[PDB]
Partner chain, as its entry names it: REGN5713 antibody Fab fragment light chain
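First comes one chain, alone, set out as structure tokens in the form deposited without its partner chain.
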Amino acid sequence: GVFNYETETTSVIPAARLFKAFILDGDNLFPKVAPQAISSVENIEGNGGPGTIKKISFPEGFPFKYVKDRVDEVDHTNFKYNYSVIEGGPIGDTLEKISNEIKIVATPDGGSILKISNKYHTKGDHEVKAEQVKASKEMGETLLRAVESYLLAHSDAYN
């Protein structure tokens, strides 16, 4: 029916600060920290709440130029942020709909832990290969990896 993948990551940066930048600055921080993944991100409708649509652009040399993204619901109190896409380059009506969920948690034992889950939906005639998911998993870590470097970049600032 549907494939469900879950990944776990840890970051010394606090979830409160990473949540605001990851959410409020997730559109700019995304490309700013990793411009090689998305050339630019635009918000079609919504202001970060549920039912918000955001357009994602991609640099030349990729499979699709841009992809449509939709947000399911974001909980500021639970620092939980999930989003799904209905229209994508390699995705049609439902050949490979992707729905990922993001959760941020703060912990004085090892900083804040991020939890990202990936879900693949296929009409049925087409199936998804596990290897294809592995490649997407690495990209997901590259997104949070560039964000962590952004927080450490402040140290390079004079003050």
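Residue numbers count along the first chain shown, from 1.
The form deposited with its partner chain bound exists for this protein as well; it is not shown, and the discussion that follows is about that form.
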Practice item. Find out whether any non-hydrogen atom of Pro59 is located within 4.5 angstroms of its partner chain in the deposited complex, and reply yes or no. Key: yes
Exercise for review: Please run the contact check for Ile91 against its partner chain in the deposited complex: heavy atoms, 4.5 angstroms, yes or no?
Suggested key: no
Review point. Would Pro35 count as a contact of its partner chain in the deposited complex, using a 4.5 angstroms cut-off between non-hydrogen atoms?
Key: yes
Review point. Which residues within 38-57 place at least one heavy atom within 4.5 Å of its partner chain in the deposited complex?
Key: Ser39
